[PDB]
Amino acid sequence: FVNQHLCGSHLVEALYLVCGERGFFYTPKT
Amino acid sequence: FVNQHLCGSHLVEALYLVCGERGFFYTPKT
Amino acid sequence: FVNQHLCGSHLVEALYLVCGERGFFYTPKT
Amino acid sequence: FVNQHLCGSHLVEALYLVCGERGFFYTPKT
Amino acid sequence: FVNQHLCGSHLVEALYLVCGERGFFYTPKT
Amino acid sequence: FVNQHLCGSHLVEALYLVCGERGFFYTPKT
Amino acid sequence: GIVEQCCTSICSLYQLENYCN
Amino acid sequence: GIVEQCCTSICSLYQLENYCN
Amino acid sequence: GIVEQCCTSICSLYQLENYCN
Amino acid sequence: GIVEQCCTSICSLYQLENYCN
Amino acid sequence: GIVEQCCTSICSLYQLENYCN
Amino acid sequence: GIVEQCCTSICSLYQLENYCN
Ligand SMILES: [Cl-]
Ligand SMILES: [Cl-]
Ligand SMILES: [Zn+2]
Ligand SMILES: [Zn+2]
């Protein structure tokens, strides 16, 4: 595939795409 | 605020807005 | 909840979330 | 342009694109 | 309508809106 | 990666993420 | 209204334009 | 869970807030 | 306006309710 | 096609990748 | 291309139709 | 974290899988 900048809502939309049913955590503080 | 009907990626968008810098966890069933 | 920068389409998506059935106005000229 | 089938937040996205800096009002029934 | 900056995912969302069933190409290399 | 159920503009978002700078073509039936 | 029409049937960008300020 | 509830029924921002870190 | 309050500066979900009908 | 398959059934990122330029 | 016309510069919905099939 | 890896810098879809449950 590719590497791009994914920020904010776009980052979590990408996590949703990638992880789907597995679920995911978005933890920007880290 | 109003009640929400949110499916798929729209749920993740909502969590993103609601949680901000705290981040969040997305955990669907199965 | 939190405070973040909400711009452009993201701003109106947030208005939709917050206002829903009430409806809303987006009037950037002000 | 083509005809549109737009529900939920997708309608707001479309209004945003169509109206630009003029902004718009979102007024659902009930 | 209007003229705005449309970048990234927002650009392809706009192409989807405008083109719909015709389909479209997004070819950033050009 | 997980399998995807993608309709409308969500398909275009997915193509955008998957293809990056290569871009892509969106070609619905009819 | 427009919100319902676009979702239950179809609508055009030209109809949407009526909702601009 | 919340993912299913928001989609099959409705849910509030207050319920969503429970899923923040 | 909304752009100055929420994009240029920073606003809460409560402030966004200012622009509801 | 892919547009219909992803929506009426399911599709993989690997299938989507076929539509890149 | 499209990025230069619509992201870097500014384009109308009509110009975006240039990239339809 | 994820913001540094994928927003500030650049990440692949494979790296994004690092944040799946
Ligand atoms: Cl952005
Ligand atoms: Cl949808
Ligand atoms: Zn964006
Ligand atoms: Zn949707």
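I need the inter-copy label distances for residue F:27: point set 7 Å along Cα to C-beta, values in nm with one decimal, smallest first.
1.3, 4.4, 4.4, 4.4, 4.8
Which chain K residue comes nearest the axis with its C-beta when you rotate K onto G, and by how many angstrom?
It is K:13, 3, counting Cβ atoms only.
Which three numbers, in whole Å and largest first, are the semi-axes of the equivalent ellipsoid of the protein assembly as shown derived from its Cα gyration tensor as √(5λ)?
That gives 26, 26, 19 Å for the three semi-axes.
PRE reach from residue G:9 (point 7 Å along Cα→Cβ): which of region D:5-30 fall under 14 Å by backbone N?
Correct set: D:5-6.
If you average the alpha carbon positions of chain E and of chain D, how far apart do those two centres end up, in angstrom?
Result: 16 Å between the Cα centres.
Don't worry about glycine lacking a Cβ; one is built from the backbone with ideal geometry, like all the others, and counts go over all protein chains shown. Computed from the coordinates by the stated procedures, all read-outs in this text should not be read as laboratory data.
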